[PDB]
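First, one chain by itself: the form deposited in one PDB entry, in structure tokens.
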């Protein structure tokens, strides 16, 4: 997987990650993708590590949206339109070619609140 700016590859550390295939300027657009949105309880635990939520809805980002890894020192941020229909990834720092593009452990990510029960 790869487009005219990012490339997905196995991270020497964790699993897969999104890496810059070209130099990036601060505040530039990295990726905008559509999301599948359904009520929180419609999702099992399968995507618990990828879903984000707002109110009673959770969304799964398509495109490369769900591949971006979370970092304690992110060089990007994510933005969801109303209704979680669209996700946008914007850099918050310049990004050199080859650097992994990461987002923070946002509060809207299921991952920030593991659950003892689910499905």
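For the two forms, the rigid core is made up of the largest set of C-alpha atoms that agree within 1.5 Å on superposition. Positions refer to the first chain, counted from 1. Only residues modelled in both forms are compared.
There is another form of this protein, the form deposited with a partner chain bound, and it is not shown here; the text below is about that form.
Within 4.5 Å of any heavy atom of the partner chain in the deposited bound form lies no heavy atom of residue 102. When contacts are judged by a 4.5 Å heavy atom cut-off, residue 109 counts as touching the partner chain in the deposited bound form. Although the partner is absent from this view, residue 53 contacts the partner chain in the deposited bound form, with a non-hydrogen atom inside 4.5 angstroms. By the criterion of a heavy atom within 4.5 Å, residue 89 is excluded from the residues contacting the partner chain in the deposited bound form. The Cα position of residue 97 differs by less than 2 Å between the shown form and the other one after fitting on the rigid core.
Relative to the superposed core, residue 107 undergoes a Cα shift of 2 Å or more between the shown form and the other one.
Pairwise change in the deposited bound form: residue 29 and residue 108 C-alpha atoms lie farther apart than in the shown form, at least 3 Å. CA of residue 90 to CA of residue 108: farther apart by 3 Å or more in the deposited bound form than in the shown form. By the rule of 2 Å per CA over three or more consecutive residues, the rigid core superposition between the shown form and the other one yields one shifted run, at 105 to 119.
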